[PDB]
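Below sits a lone chain in structure tokens, taken as the form deposited in one PDB entry.
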């Protein structure tokens, strides 16, 4: 039970995607396979722990004091389900995570027992203002349409609506309601 290089899902699944079906604009043109010079687009592994993964998460929102056992426990149950796709971009020649986004598969009974996707926890490093945000969002979206998700949704503040539209997301009429404890 110690951090290693085991991924959460089959890496080939990211290189397997129909990148011809990309909606976004890329200049210079990049891909899942070749995401940028120095860069690796892959699944999250437990070793990423050391490599700034929380440094990057900590930009988007609170990450408290995270123990190693709690992170591997969380990861293990995420790997176990097959429903989580935490997807990271590492700057290889630094040993540092520079971007993350999560795909989540919800299983449903409606629309003839369809699956649906949720995009969570999207953050690009302060450092890399390298086209990662586009790359992650277009990759994950396309993965969802291949894991036979009928739809995929996400929540985001107004300022970011425009960003998400380049992937063919649109504003729904439905409000988002929350309650903490």
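Numbering follows the first chain given and starts at 1.
Beyond the structure shown, there is the form solved in complex with a small molecule, which is absent from this document and is the topic of what follows.
- Only one segment in the set 138-146, 117-125, 32-40, 64-72 has any non-hydrogen atom within 4.5 angstroms of the small molecule in the bound PDB entry, and it is 117-125.
- Proximity to the small molecule in the bound PDB entry holds for none of 10, 19 and 79, with the criterion being a heavy atom within 4.5 Å.
- Residue contact with the small molecule in the bound PDB entry: residue 170 places no heavy atom within 4.5 Å of it.
- Residue contact with the small molecule in the bound PDB entry: residue 132 places a heavy atom within 4.5 Å of it.
- The shortest heavy atom separation between residue 47 and the small molecule in the bound PDB entry exceeds 4.5 Å.
- The shortest heavy atom separation between residue 166 and the small molecule in the bound PDB entry is within 4.5 Å.
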